[PDB]
Structure formats: C-alpha cells, structure tokens
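Here the structure is laid out as structure tokens; the discussion comes afterwards.
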Amino acid sequence: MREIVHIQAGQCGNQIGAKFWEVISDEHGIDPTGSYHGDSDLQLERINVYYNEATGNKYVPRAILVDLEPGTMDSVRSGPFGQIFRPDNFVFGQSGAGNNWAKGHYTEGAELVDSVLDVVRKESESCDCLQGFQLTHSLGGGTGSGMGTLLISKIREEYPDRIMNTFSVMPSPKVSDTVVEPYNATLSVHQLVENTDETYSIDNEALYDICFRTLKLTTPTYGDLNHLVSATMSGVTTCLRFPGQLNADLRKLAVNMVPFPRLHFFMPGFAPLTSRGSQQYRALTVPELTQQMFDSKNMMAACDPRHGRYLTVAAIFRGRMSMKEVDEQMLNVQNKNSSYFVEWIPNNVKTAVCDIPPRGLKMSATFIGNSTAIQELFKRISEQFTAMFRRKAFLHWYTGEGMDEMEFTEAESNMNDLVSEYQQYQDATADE
Amino acid sequence: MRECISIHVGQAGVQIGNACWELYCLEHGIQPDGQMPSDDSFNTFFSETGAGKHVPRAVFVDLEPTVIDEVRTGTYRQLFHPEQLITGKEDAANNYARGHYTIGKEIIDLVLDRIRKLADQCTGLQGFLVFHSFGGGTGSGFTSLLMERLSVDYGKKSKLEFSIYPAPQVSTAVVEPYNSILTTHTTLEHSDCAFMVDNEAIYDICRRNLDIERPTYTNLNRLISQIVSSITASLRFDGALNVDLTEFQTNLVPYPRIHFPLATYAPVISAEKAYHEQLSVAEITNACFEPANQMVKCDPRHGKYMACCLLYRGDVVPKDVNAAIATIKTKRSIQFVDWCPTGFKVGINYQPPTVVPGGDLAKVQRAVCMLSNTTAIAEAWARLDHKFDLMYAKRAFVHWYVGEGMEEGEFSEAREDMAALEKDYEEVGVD
Amino acid sequence: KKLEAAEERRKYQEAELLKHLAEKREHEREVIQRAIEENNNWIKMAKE
Ligand SMILES: Nc1nc2c(ncn2[C@@H]2O[C@H](COP(=O)(O)OP(=O)(O)OP(=O)(O)O)[C@@H](O)[C@H]2O)c(=O)[nH]1
Ligand SMILES: Nc1nc2c(ncn2[C@@H]2O[C@H](COP(=O)(O)OP(=O)(O)O)[C@@H](O)[C@H]2O)c(=O)[nH]1
Ligand SMILES: [Mg+2]
C-alpha cells in the first residue's frame, strides 16, 4: 500500500481539487515548480502517497484533471500551482454536460471516459503498490456528478480490489447554480452507495451556514466555501501523507470506519473555523479543540451529530500539543457523551496526533465520523427530489438523453433504503 | 548444541525482536556488526560465520516493508543477513483473513524456505520462538498460517509464542478482538506454550514504575525484552532450569490447551532517579505476588495455580530464596489445584540483568521472573470474548473477512473454541 | 484445501462484481442507443 491516484471531475471537482493540491504542496514544502524547499524530513517521508518523483529533485501530483468543458482546465493551468500538474494528465472535452447528470453519465461523458481511463492506467501501471483512487466532484452538476460516477464504475471494473474514495460535494438551494440539483444528487448517491468504499459528504448547505453564521460573511463566495473544503481535505488526509500508526492507508481507514458495506458516508468536522482573510487569531486549547467534535456548528455535513449515534470516529489533532492531554480530553468526551456512541462497537473512537499543523494555524482538529445522523442530509435530498419528481418537472432534460423514469424511482428508493439502514443501527441495542 | 530459531511476525513482532536482539548482544558482548572480542551457550541463538561474526538464528517477517526497512537501515543492519529480513508489498490491513489467506498465501513458501535454510545450519534444533501481535492482520493472520505449516514441516518440534495481547491505550484497529480470537483458535493446536503480554499491563508499569507520562512502543518493548531475556537466559547461558524448550512445557503445561503462563517481573526501577538501596531477594520475591508487576491484567487471588517457576538472575543465593518462599507461605494462601503440589521450581542464573544504555530501566544486582500457570488468566480471554460478542451479534465489520474468502462459520467455530477454552479453565480449577 | 478454498471463494465474488458491472455497461449502451433510435424516428416522422 503506497500510491493514491487522484481524479478531479467537473467545475466543482477541479476547483476543490486545485485548492487541495496548493494546500498539501505548501504543507509538504513543494513550490509551484515541483521543487522541495521545506526544512523537515517528515514532509518527504510519505511524499510518494500523492506525488511521483520526476527526474531530479522534482515532485509531480499523481492527479488526473477531467471536465467535459475546456474553460475550467485553463483556469487551473493559469492558477498559482497550475504549472505543477502533468500536462498529459489534463483530459477535457469540448461539449459540456449542461448541469445534466444524463449527459455526464450516458452521452458526452461516455464519449470521453476512455481518454480518462487511458491516463489513469498510465498512472496506475507506474505504481509500485497502488492503494486506490481519490475522486473530488460535486453531486449537483453534470460532469462531476454523472461522469464522475461513470468513471468510478469503469475504474471499479478494471481495479475491483483497490479502495475507492470520494470527496462528494452535496448541493444546496442556498448556493445553487441549477434547479435540477436534487435529480443529479439522487442519481449520484445511488451510484456511490454501490461503488465507493468511503465517501466524505461535503455539504454546501453546511459550508454556506458556517460562512454566513460563524464567519459573518454576508455574501459567501465559492472561494469562501472552498477555504473550508481545503482545510477539511488536508485534515482527513493527514494520516495518509505523514508517518503515523492509525489509519495510515486507505484500506486500514476503511476497515476501522466501515462496519456495514453501504454505510460508508462520512460526516467531516473541523476546528477552529477560519475565514480566508482571518490570519489573526489567538485561541484554541486541547479541551476547546475536543469540544467541537459534537458541535454541529463545526460539521461539514448539515447534520446534528447529537440527533444520531456514532458508529466509528477518527479524530486527528495537529500542532504541538500534549498527547497525554489529548487522550484525557478524548476519553472525557466519550464518557460524558456515552449516549451518542454505539455500545456494540467497543473502543470505536480512534485518535491520531500529527506534529505538523496546517497553514495559518498553530493548532487544529479534524474529525471523521461515521454517524447515523448523516440520514438528515439524505432525507433533505429525497424531499427536494420528490417535490420535483411528483410533478415530473424538468424530466424532459433527462428522458431527452435516453433515460427512463424507472432509473429515477430506483435511485430514490435506494437512497431512502440507506436512510432506513442508518435509522436501524441508530435504534439497535447491545441486548446481544 | 541445541539451537533455537526466533520468528518475528508483523510490526509488534519485528519491533519486539529489535529490542530482544539488542539486549542479547549486550548480554553476550556482541557488537552491532556481529563482532565480539570474547560462556559458549550463546551459540543456541547465534550462528557463527567464517569471519568470526555472530548472526542471530532469526527470521523477521512483515507483509508491508516499512518496519523491517528500519532494521535494514538501523544500527543492527550488519547483525542480520539480508535474506533473513522478509517483506511483502501490501499489508494485511488489520484483517486476519488478508494475513492468513489473500496476502499470506503469496509469501508463505518463501518464509518457510528461509526458515529451512536456518534449520539446515542446526545440529540439534530445539524448535521455534514466535513473536507477534494478536491485533494486526499480519501478527494474527500470518502467524496462524505459519504455525500450521511449521507443524507439517517440523514434526514434533517445540513452538513457543510471545503474543501481544491488545490494549485500547495503544490499539490501532476496532477489529482487534476479531483478529485475536481467530488467531487463538487456529494456533491453539500448533503452539506448545504461549506467553501473553498485555499491552495495558506494560503501559501501566511504564507509567507507574518508570514515570513515563505517555509510554511509546520503544518504552514498552525495552520492558518486554527484559522478560523475554529472563525466559531465554537459561537457553543462552549454562542454566539449570528451563534448559531446553521441552522443559518449559514439562514444568508449566499440565494439559495441552491450558498452555498460557502468566509472567511477573521484578524489579522495574527508573534510571533517572536518586541512588537507592538495592532490593533483597525477599523484596523481589514479594513483588512477584503483586498484581501490579504482572504482564497480563488479571487476579490470581480469584484463581488457582497449577505450576510456578521462579527464575532468579544475578547476585542470588539459594538460602535467601528459600527463606523468602517460606515467609510468603505464612502470609499468603497461594492456592493450588487439588491434583498439583503447592510448590515452586526455582532457577538461578548467575548473570545480573543487563539494561540498554540511556534506557529507562535502572541497573540492578538481582532480578526475578515468575512464570505461573494460573486459572486467573482466563479473565484475559473473557474480556476479549465479550468485545468479540458485542460486534459479532450485529455482524459489524464481518463483511471485510467474508470478502477475503473467509466464511461466517469460521467466526462461530473460533468463538465456540474460545468458549470451550474458558470452560476448560473453569473445569480445571473445580475441586 | 482450506486455502485454495479462499482463492476460489475470492473469485466467485470478483466474477460476480464483473457481472454486476457488465450489467451496468449493458444499460448505458441500451440508453445511449435508445437516445438515437428515438431521434432517428422523430425525423422518420417529420420527413413524411
Ligand atoms: N508491545 C508492542 N505492541 C505493538 C507494537 N506495534 C504494534 N503493537 C500492537 O499490535 C497491534 C497492532 O498490530 P501490528 O503488529 O501493528 O500489525 P501487523 O502485524 O503489522 O499487521 P498489518 O499491519 O495489519 O499487516 C496493536 O495492539 C498494537 O498496540 C510494538 O512495537 N510493541
Ligand atoms: N463548494 C463548491 N461547490 C461548487 C463549486 N462550483 C460549483 N459548486 C457546486 O457544484 C454543483 C454544480 O456542479 P458543477 O461542479 O458546477 O458542474 P459540473 O461542471 O457539470 O460538474 C452545485 O451544487 C454548486 O453549488 C466550488 O468551487 N465549490
Ligand atoms: Mg503492520
């Protein structure tokens, strides 16, 4: 287990993916040319998980950039770290998906899919020991959503034994670019339930609420939302890219986090919450960092963790702090909040501490929870879907692509079963 | 000549192996390059090359290369020949099924070929010492696979284990109870004697006795190595008790399945402490009957003894020992089973305990390791079995094992065997 | 026996995923061909 192959699909996927690469390059001391200029051996110890070493001192992201639209790709190349990417790894179409899952999954996407697989095969065959794949995409669009899930299925076919991981961004009416987002999301959730091993549920509803309510940003931009996404992505991948004992690879993370195959949707959390401009800040102790685990205000999925129960939790502390203090504080939270952890999975909270804090902060905490409360996110999508589907509104955009009504009914039913499954384990007891 | 082959499986096994071999070298005066400027018994554990270099009779195995890569870059890189440090590419991902079946099946033949090459250098091979964790996929899965194959290739050859019983303070997987029960069931019929080391007991000794706020594997292993050295000192030096591997079994194992002795070590003293009075034989003997010095957390006062071995090391006189045992009997019940005599088998090995320079342990003139077969050890199995039951009732995480080709029936079989083992400890203590 | 057992048990479930995944390729080709046949026939209509 070594290399992770990263895929970026659609507008959102490429925007969030590009930010992930500039954040992690900065943490690993890599400049936009690919040269390491850091001053810590920890930065290079597990550099091979995300970077290929090219001739000389240069490091190249093992990243494939995908879109059915060319514009986003140009914006990435023009960017700060745009030059770091492998030129041959940009795979783009000319005919977009027009925020239509059917175009991304069946028409335009199907036409481009083989060109993408050719690039993923090149990266995969170069690997000493491929862990698997990491996909960043939105569920509300057409490319990220439809083509992204098509790619997952095509990759799963060729690499059935590798770990399939995603960072899936959930649509919200609060920051919506299309009226059909509930359809695109439901059709994609159906695909993810079946085809991924782990999915980080990144909710735009929660990101907007954090920016507006907590960061006091009257009109949040994608730039503001993406600052929270990149902080979360950096946090959840800490264990994979730095030397550590816990969840050091994609499979060990999945084995510790996924008790039942379909229940692989994670609720990420982050503390402290910061705004792009906020380079202040003077705060955050160990008890303070720990308290934000149950804090709904710090969740990247718009669910209250106190409305459910944690099946499994992974908590990552970053910065210079006492491991003794972390262990005490973490035990206190489990003992005080006993009722929000399932009794039939003993020692289900695993903690890791990394000496390297993320940029701008001296101390941070990242939470990865497998909570039954994630059903609130799926319920929200199902109700938005049904409001439209009941009247067959905008259905012509999908049937016009060759889709049948049954696929819509099936996707919805599968998502409602997922909700019902979370509820089942929420109500389960250690009567054993 | 009576050679012993040491096998170190997975991260725990390899890391404990590093601590053991470092200590053996200090005890026998072997430098990290295998050179020694020199009783002769050390030859049971170290072979000799044409260049006068001393090489451990050991195999280090891991399914991932990281841990062993540290041995082959480290201080003792010249001590071992490259062929005895075996690594795969893909680990068992804390999954017994991956370690035993999927991944293990690829490297098994290579590991046995290396073991065979070491055995070919032996004139009187006694058997094997197997070091592994219960919790990891390699430590659990690969060990049981290897143990089965060793029984086939080395017909009625002694196999002893040093098993790392899992602790939540240092646990890396939620599935450790599953891996622990699966490995215990499969290995039970293949092991002659197994010494469990509870990571919590070791963690607590480091915290309490060595004043280490947050003990690391380095701290834990140094302490573990001292107990392993106490058990193996009479094989590596011209000892009187536990002189051969068959003698461990004879002295401590009354029934094939009840082969899990409890180790208790004393004294464990901090190095960064003010000069203090050396402990007497009475003081160190008293410390053996204190649950705080145990290697496994359990209550012997709630159990019954079936065998007790006291292994003294250093400046110790028989008169001092007998006086100490006599006073203990006057104050303590020390209850034995009906069919066993109330007694001790005592051994004195003249070499005082050696400690790693710059280590956490203080140098002492005399130390003692008590190996007792008590029914109280069943408490450790019960704790593990209960955690297994909690998850298994919901089939939580079971899909990971089934996906690797394991059958759900193997989980039921393993758990029923553990229930029979708990029942055996109960039946043995009856009268 | 109790190992090639795992080996063979491994394969049924991979072959199975490949079926569950050849079935997912089926649909796509059907729904893309159906996405032409219909447009092919709207003009078959339109001309006459
Ligand atoms: N005492 C001690 N315990 C250890 C050490 N390393 C790991 N462990 C324990 O062993 C268990 C984890 O298993 P590992 O040995 O790390 O894993 P592995 O055998 O390499 O197997 P895989 O990584 O899954 O292939 C946990 O209970 C750890 O606390 C060590 O150096 N010393
Ligand atoms: N967080 C975030 N969401 C975005 C971004 N760009 C678009 N979205 C969201 O993604 C969905 C629209 O999909 P998009 O990725 O633009 O379409 P695609 O190009 O066809 O994949 C909606 O839910 C948008 O709110 C971005 O940069 N950040
Ligand atoms: Mg390991």
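We label chains A, B, ... in the order they appear in the structure tokens, count residues from 1 in each chain, and number ligands from 1 in the order shown.
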Using 8 Å as the limit and counting only C-alpha atoms, can you tabulate each residue of chain B that touches chain C, with its shortest atom-to-atom distance in Å and the two atoms involved, as a tab-separated table?
```
residue	atom	partner	partner_atom	distance
B:101	CA	C:3	CA	6.2
B:102	CA	C:7	CA	7.4
B:105	CA	C:3	CA	7.7
B:403	CA	C:10	CA	7.0
B:404	CA	C:10	CA	6.1
B:405	CA	C:6	CA	4.3
B:406	CA	C:6	CA	6.5
```
Write a file of the selected residues as a short mmCIF file (atom, residue, chain, number, x, y, z; two decimals), in the first residue's frame, keeping N, CA, C and O atoms.
```cif
data_model
loop_
_atom_site.label_atom_id
_atom_site.label_comp_id
_atom_site.auth_asym_id
_atom_site.auth_seq_id
_atom_site.Cartn_x
_atom_site.Cartn_y
_atom_site.Cartn_z
N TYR B 101 -5.07 -15.73 4.47
CA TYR B 101 -5.41 -16.23 3.14
C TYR B 101 -4.79 -15.40 2.01
O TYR B 101 -3.66 -15.67 1.59
N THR B 102 -5.48 -14.33 1.60
CA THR B 102 -5.16 -13.43 0.49
C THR B 102 -3.71 -13.08 0.27
O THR B 102 -3.18 -13.39 -0.80
N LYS B 105 -0.72 -16.28 1.66
CA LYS B 105 -0.50 -17.39 0.72
C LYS B 105 0.60 -17.12 -0.32
O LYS B 105 1.16 -18.06 -0.88
N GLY B 403 -15.35 -11.08 2.49
CA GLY B 403 -14.88 -10.58 1.20
C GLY B 403 -13.55 -11.15 0.78
O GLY B 403 -13.26 -11.24 -0.42
N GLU B 404 -12.72 -11.56 1.78
CA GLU B 404 -11.40 -12.14 1.58
C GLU B 404 -11.44 -13.66 1.45
O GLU B 404 -10.42 -14.28 1.23
N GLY B 405 -12.63 -14.23 1.50
CA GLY B 405 -12.80 -15.66 1.34
C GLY B 405 -13.05 -16.43 2.61
O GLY B 405 -13.10 -17.66 2.59
N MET B 406 -13.18 -15.73 3.72
CA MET B 406 -13.48 -16.38 4.99
C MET B 406 -14.96 -16.66 5.03
O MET B 406 -15.75 -15.97 4.37
#
```
Handout entry: Exercise answer, 8 Å around ligand 3 with only C-alpha atoms and all ligand atoms, as a list in words
Key =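 The distance check yields residues 10, 11, 12, 62, 63, 64, 67, 91, 92, 93, 94, 136, 137, 138 and 139 of chain B.
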Just to be explicit: take each residue in the selection above, keep N, CA and C atoms, and write the result as a PDB file, in the first residue's frame.
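See selection19.pdb below for the written result:
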```pdb
ATOM      1  N   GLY B  10       5.040  -9.432  11.815  1.00  0.00           N
ATOM      2  CA  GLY B  10       4.312  -8.168  11.870  1.00  0.00           C
ATOM      3  C   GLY B  10       5.041  -7.104  12.650  1.00  0.00           C
ATOM      4  N   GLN B  11       4.474  -5.876  12.696  1.00  0.00           N
ATOM      5  CA  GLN B  11       5.101  -4.740  13.377  1.00  0.00           C
ATOM      6  C   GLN B  11       5.481  -5.015  14.831  1.00  0.00           C
ATOM      7  N   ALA B  12       4.518  -5.503  15.636  1.00  0.00           N
ATOM      8  CA  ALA B  12       4.768  -5.793  17.042  1.00  0.00           C
ATOM      9  C   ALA B  12       5.929  -6.793  17.219  1.00  0.00           C
ATOM     10  N   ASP B  62       7.247  -9.466   7.646  1.00  0.00           N
ATOM     11  CA  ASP B  62       6.174  -8.487   7.607  1.00  0.00           C
ATOM     12  C   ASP B  62       5.600  -8.435   6.199  1.00  0.00           C
ATOM     13  N   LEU B  63       4.288  -8.198   6.061  1.00  0.00           N
ATOM     14  CA  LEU B  63       3.637  -8.133   4.749  1.00  0.00           C
ATOM     15  C   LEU B  63       3.776  -6.759   4.080  1.00  0.00           C
ATOM     16  N   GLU B  64       4.190  -5.772   4.861  1.00  0.00           N
ATOM     17  CA  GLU B  64       4.472  -4.403   4.458  1.00  0.00           C
ATOM     18  C   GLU B  64       6.008  -4.165   4.721  1.00  0.00           C
ATOM     19  N   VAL B  67       8.490  -1.347   8.539  1.00  0.00           N
ATOM     20  CA  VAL B  67       9.059  -1.724   9.826  1.00  0.00           C
ATOM     21  C   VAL B  67      10.417  -2.375   9.664  1.00  0.00           C
ATOM     22  N   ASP B  91       0.182  -4.814   3.022  1.00  0.00           N
ATOM     23  CA  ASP B  91      -0.049  -5.321   4.381  1.00  0.00           C
ATOM     24  C   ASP B  91      -1.399  -6.036   4.472  1.00  0.00           C
ATOM     25  N   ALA B  92      -1.689  -6.587   5.643  1.00  0.00           N
ATOM     26  CA  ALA B  92      -2.937  -7.287   5.838  1.00  0.00           C
ATOM     27  C   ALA B  92      -4.070  -6.373   6.262  1.00  0.00           C
ATOM     28  N   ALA B  93      -3.819  -5.059   6.337  1.00  0.00           N
ATOM     29  CA  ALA B  93      -4.796  -4.028   6.664  1.00  0.00           C
ATOM     30  C   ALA B  93      -5.642  -4.330   7.898  1.00  0.00           C
ATOM     31  N   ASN B  94      -5.003  -4.803   8.983  1.00  0.00           N
ATOM     32  CA  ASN B  94      -5.659  -5.180  10.251  1.00  0.00           C
ATOM     33  C   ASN B  94      -6.783  -6.241  10.059  1.00  0.00           C
ATOM     34  N   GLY B 136      -2.980  -7.081  14.863  1.00  0.00           N
ATOM     35  CA  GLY B 136      -2.704  -6.757  13.473  1.00  0.00           C
ATOM     36  C   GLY B 136      -3.062  -7.908  12.560  1.00  0.00           C
ATOM     37  N   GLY B 137      -3.302  -7.620  11.281  1.00  0.00           N
ATOM     38  CA  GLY B 137      -3.655  -8.630  10.288  1.00  0.00           C
ATOM     39  C   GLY B 137      -2.518  -9.589   9.995  1.00  0.00           C
ATOM     40  N   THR B 138      -1.249  -9.092  10.028  1.00  0.00           N
ATOM     41  CA  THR B 138      -0.065  -9.929   9.801  1.00  0.00           C
ATOM     42  C   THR B 138       0.188 -10.747  11.065  1.00  0.00           C
ATOM     43  N   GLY B 139       0.300 -10.040  12.204  1.00  0.00           N
ATOM     44  CA  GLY B 139       0.518 -10.637  13.516  1.00  0.00           C
ATOM     45  C   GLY B 139      -0.475 -11.753  13.807  1.00  0.00           C
TER      46      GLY B 139
END
```
Exercise for the section: Would you list the contacts of residue A:139 as a PyMOL selection string, taking every protein, DNA or RNA residue within 6 Å and counting only C-alpha atoms, but skipping same-chain residues closer than 2 positions in sequence? Expected result: chain A and resi 141+145+169-170+185
Suppose we keep N, CA and C atoms; can you now write the selection as an mmCIF file, in the first residue's frame?
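So the final result, stored in selection19.cif, reads:
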```cif
data_model
loop_
_atom_site.group_PDB
_atom_site.id
_atom_site.type_symbol
_atom_site.label_atom_id
_atom_site.label_comp_id
_atom_site.auth_asym_id
_atom_site.auth_seq_id
_atom_site.Cartn_x
_atom_site.Cartn_y
_atom_site.Cartn_z
ATOM 1 N N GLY A 141 -24.065 18.915 -10.233
ATOM 2 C CA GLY A 141 -23.744 19.173 -11.627
ATOM 3 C C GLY A 141 -23.925 17.984 -12.531
ATOM 4 N N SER A 145 -20.798 14.970 -11.248
ATOM 5 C CA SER A 145 -21.802 14.036 -10.808
ATOM 6 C C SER A 145 -21.991 12.783 -11.707
ATOM 7 N N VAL A 169 -19.315 16.721 -3.145
ATOM 8 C CA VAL A 169 -19.979 17.911 -2.646
ATOM 9 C C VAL A 169 -21.460 17.956 -2.958
ATOM 10 N N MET A 170 -22.262 17.976 -1.873
ATOM 11 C CA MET A 170 -23.735 17.956 -1.862
ATOM 12 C C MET A 170 -24.292 19.298 -2.222
ATOM 13 N N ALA A 185 -28.072 14.878 -7.758
ATOM 14 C CA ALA A 185 -27.567 14.356 -6.498
ATOM 15 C C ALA A 185 -28.105 12.957 -6.202
#
```
Problem - Exercise answer, 8 Å around ligand 2 with only C-alpha atoms and all ligand atoms, as a ChimeraX atom specification - result: /A:9-16,67-69,96-101,104,137-146,169-172,175-178,181,202-204,207,222-223,225-226,229
Those residues with C-alpha atoms, as a short mmCIF file (atom, residue, chain, number, x, y, z; two decimals), in the first residue's frame please?
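So the final result, stored in out.cif, reads:
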```
data_model
loop_
_atom_site.label_atom_id
_atom_site.label_comp_id
_atom_site.auth_asym_id
_atom_site.auth_seq_id
_atom_site.Cartn_x
_atom_site.Cartn_y
_atom_site.Cartn_z
CA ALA A 9 -14.04 15.90 -12.26
CA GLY A 10 -16.21 18.89 -13.27
CA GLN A 11 -16.16 22.60 -12.26
CA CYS A 12 -16.50 21.97 -8.51
CA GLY A 13 -14.20 18.90 -8.61
CA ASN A 14 -11.42 20.87 -10.34
CA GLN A 15 -11.87 23.97 -8.13
CA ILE A 16 -11.72 21.95 -4.86
CA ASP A 67 -14.02 18.06 -17.45
CA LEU A 68 -16.41 17.95 -20.42
CA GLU A 69 -15.90 21.72 -20.67
CA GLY A 96 -20.09 20.29 -21.69
CA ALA A 97 -22.67 18.43 -19.59
CA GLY A 98 -25.00 21.41 -19.07
CA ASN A 99 -25.70 20.50 -15.41
CA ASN A 100 -27.38 17.31 -16.64
CA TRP A 101 -26.40 14.01 -14.96
CA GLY A 104 -22.32 13.28 -17.99
CA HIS A 137 -16.51 16.17 -7.54
CA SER A 138 -19.91 17.83 -6.98
CA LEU A 139 -23.17 15.82 -6.96
CA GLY A 140 -25.35 18.75 -8.19
CA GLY A 141 -23.74 19.17 -11.63
CA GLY A 142 -23.46 17.07 -14.74
CA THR A 143 -19.74 16.26 -15.28
CA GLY A 144 -18.60 15.83 -11.64
CA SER A 145 -21.80 14.04 -10.81
CA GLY A 146 -22.71 11.94 -13.93
CA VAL A 169 -19.98 17.91 -2.65
CA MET A 170 -23.73 17.96 -1.86
CA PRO A 171 -25.89 20.65 -3.48
CA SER A 172 -27.92 23.24 -1.56
CA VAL A 175 -25.73 28.16 -3.09
CA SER A 176 -27.41 26.66 -6.19
CA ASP A 177 -26.42 27.18 -9.84
CA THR A 178 -29.29 24.91 -11.28
CA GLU A 181 -29.53 19.63 -8.48
CA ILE A 202 -19.03 17.72 1.89
CA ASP A 203 -22.31 19.69 2.19
CA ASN A 204 -22.65 23.17 0.59
CA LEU A 207 -20.37 25.39 4.26
CA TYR A 222 -17.16 29.64 -3.75
CA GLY A 223 -13.71 30.92 -2.65
CA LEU A 225 -16.68 27.75 0.83
CA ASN A 226 -13.53 26.18 -0.77
CA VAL A 229 -13.24 22.33 1.96
#
```
Once you count only C-alpha atoms and all ligand atoms, what closest atom pair and distance in Å to one decimal does each residue of chain A within 12 Å of ligand 1 have, with rows by chain and rising residue number, as a tab-separated table?
```
residue	atom	partner	partner_atom_place_in_ligand_line	distance
A:1	CA	ligand 1	25 (O)	10.2
A:244	CA	ligand 1	16 (O)	11.1
A:245	CA	ligand 1	16 (O)	7.8
A:246	CA	ligand 1	16 (O)	9.5
A:247	CA	ligand 1	23 (O)	10.3
A:248	CA	ligand 1	23 (O)	9.5
A:249	CA	ligand 1	23 (O)	10.0
A:251	CA	ligand 1	24 (O)	9.8
A:252	CA	ligand 1	24 (O)	7.7
A:253	CA	ligand 1	24 (O)	11.4
A:255	CA	ligand 1	24 (O)	10.2
A:256	CA	ligand 1	24 (O)	11.4
```
Give me a file of those residues, with N, CA, C and O atoms, as an mmCIF file, in the first residue's frame.
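Okay, selection-v6.cif is ready:
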```
data_model
loop_
_atom_site.group_PDB
_atom_site.id
_atom_site.type_symbol
_atom_site.label_atom_id
_atom_site.label_comp_id
_atom_site.auth_asym_id
_atom_site.auth_seq_id
_atom_site.Cartn_x
_atom_site.Cartn_y
_atom_site.Cartn_z
ATOM 1 N N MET A 1 0.853 -1.193 0.000
ATOM 2 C CA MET A 1 0.000 0.000 0.000
ATOM 3 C C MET A 1 0.908 1.270 0.000
ATOM 4 O O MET A 1 1.687 1.493 0.957
ATOM 5 N N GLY A 244 2.523 7.738 10.649
ATOM 6 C CA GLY A 244 1.562 7.547 11.735
ATOM 7 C C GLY A 244 1.178 6.101 11.921
ATOM 8 O O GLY A 244 1.412 5.278 11.024
ATOM 9 N N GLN A 245 0.579 5.798 13.090
ATOM 10 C CA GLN A 245 0.137 4.455 13.465
ATOM 11 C C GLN A 245 -1.304 4.151 13.044
ATOM 12 O O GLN A 245 -1.639 3.033 12.650
ATOM 13 N N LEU A 246 -2.166 5.125 13.186
ATOM 14 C CA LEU A 246 -3.574 4.942 12.899
ATOM 15 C C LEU A 246 -3.970 5.362 11.481
ATOM 16 O O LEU A 246 -3.513 6.395 10.978
ATOM 17 N N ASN A 247 -4.857 4.582 10.860
ATOM 18 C CA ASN A 247 -5.434 4.877 9.543
ATOM 19 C C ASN A 247 -4.389 5.378 8.540
ATOM 20 O O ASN A 247 -4.661 6.317 7.802
ATOM 21 N N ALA A 248 -3.192 4.764 8.537
ATOM 22 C CA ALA A 248 -2.065 5.126 7.691
ATOM 23 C C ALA A 248 -2.285 4.891 6.164
ATOM 24 O O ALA A 248 -1.587 5.481 5.350
ATOM 25 N N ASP A 249 -3.263 4.069 5.781
ATOM 26 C CA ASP A 249 -3.579 3.800 4.382
ATOM 27 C C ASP A 249 -5.091 3.738 4.173
ATOM 28 O O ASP A 249 -5.831 3.652 5.150
ATOM 29 N N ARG A 251 -7.079 1.386 2.987
ATOM 30 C CA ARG A 251 -7.740 0.161 3.433
ATOM 31 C C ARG A 251 -7.905 0.107 4.965
ATOM 32 O O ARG A 251 -9.002 -0.226 5.437
ATOM 33 N N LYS A 252 -6.835 0.452 5.742
ATOM 34 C CA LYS A 252 -6.915 0.463 7.215
ATOM 35 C C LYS A 252 -7.946 1.465 7.676
ATOM 36 O O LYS A 252 -8.649 1.174 8.633
ATOM 37 N N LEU A 253 -8.092 2.608 6.974
ATOM 38 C CA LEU A 253 -9.097 3.595 7.314
ATOM 39 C C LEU A 253 -10.454 3.002 7.096
ATOM 40 O O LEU A 253 -11.261 3.053 8.001
ATOM 41 N N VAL A 255 -11.346 -0.233 6.949
ATOM 42 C CA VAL A 255 -11.550 -1.334 7.896
ATOM 43 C C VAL A 255 -11.971 -0.815 9.292
ATOM 44 O O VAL A 255 -12.837 -1.409 9.924
ATOM 45 N N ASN A 256 -11.423 0.325 9.720
ATOM 46 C CA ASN A 256 -11.739 0.937 11.009
ATOM 47 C C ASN A 256 -13.007 1.779 10.985
ATOM 48 O O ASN A 256 -13.595 2.016 12.036
#
```
Exercise for the section: Check every residue of chain B for an atom within 9 Å of chain A, counting only C-alpha atoms, and provide those that qualify as JSON, numbers by chain. Expected result: {"B": [64, 89, 90, 91, 92, 93, 94, 95, 168, 169, 171, 172, 173, 174, 175, 213, 214, 387, 388, 389, 390, 391, 392, 393, 394, 395, 396, 397, 398, 399, 400]}
Include C-alpha atoms and write out the residues we just selected as a PDB file, in the first residue's frame.
```pdb
ATOM      1  CA  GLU B  64       4.472  -4.403   4.458  1.00  0.00           C
ATOM      2  CA  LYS B  89       4.415  -5.007  -0.537  1.00  0.00           C
ATOM      3  CA  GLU B  90       0.774  -4.975   0.663  1.00  0.00           C
ATOM      4  CA  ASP B  91      -0.049  -5.321   4.381  1.00  0.00           C
ATOM      5  CA  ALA B  92      -2.937  -7.287   5.838  1.00  0.00           C
ATOM      6  CA  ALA B  93      -4.796  -4.028   6.664  1.00  0.00           C
ATOM      7  CA  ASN B  94      -5.659  -5.180  10.251  1.00  0.00           C
ATOM      8  CA  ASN B  95      -7.604  -8.116   8.663  1.00  0.00           C
ATOM      9  CA  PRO B 168      -7.091   0.372  23.829  1.00  0.00           C
ATOM     10  CA  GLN B 169      -4.428   2.939  25.055  1.00  0.00           C
ATOM     11  CA  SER B 171      -4.790  -0.110  19.864  1.00  0.00           C
ATOM     12  CA  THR B 172      -4.733   0.760  16.122  1.00  0.00           C
ATOM     13  CA  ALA B 173      -7.884  -1.228  14.998  1.00  0.00           C
ATOM     14  CA  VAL B 174     -11.536  -1.584  16.081  1.00  0.00           C
ATOM     15  CA  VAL B 175     -11.357  -5.191  14.715  1.00  0.00           C
ATOM     16  CA  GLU B 213       3.765  10.139  31.107  1.00  0.00           C
ATOM     17  CA  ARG B 214       2.973   8.800  27.603  1.00  0.00           C
ATOM     18  CA  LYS B 387     -15.736  -7.486  22.872  1.00  0.00           C
ATOM     19  CA  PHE B 388     -15.975 -10.103  20.057  1.00  0.00           C
ATOM     20  CA  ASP B 389     -19.585 -10.935  21.033  1.00  0.00           C
ATOM     21  CA  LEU B 390     -20.678  -7.254  21.089  1.00  0.00           C
ATOM     22  CA  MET B 391     -19.622  -6.708  17.464  1.00  0.00           C
ATOM     23  CA  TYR B 392     -20.414 -10.216  16.198  1.00  0.00           C
ATOM     24  CA  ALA B 393     -24.066 -10.084  17.389  1.00  0.00           C
ATOM     25  CA  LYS B 394     -24.556  -7.288  14.794  1.00  0.00           C
ATOM     26  CA  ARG B 395     -22.074  -8.867  12.243  1.00  0.00           C
ATOM     27  CA  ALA B 396     -20.247  -5.476  12.409  1.00  0.00           C
ATOM     28  CA  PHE B 397     -17.142  -5.475  10.127  1.00  0.00           C
ATOM     29  CA  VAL B 398     -17.715  -9.185   9.224  1.00  0.00           C
ATOM     30  CA  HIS B 399     -18.021  -8.305   5.508  1.00  0.00           C
ATOM     31  CA  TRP B 400     -14.305  -7.400   5.447  1.00  0.00           C
TER      32      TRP B 400
END
```
Exercise for the section: Find the distance between atom CA of residue B:359 and atom CA of residue B:26 and write it in Å to one decimal. Expected result: 12.8 Å
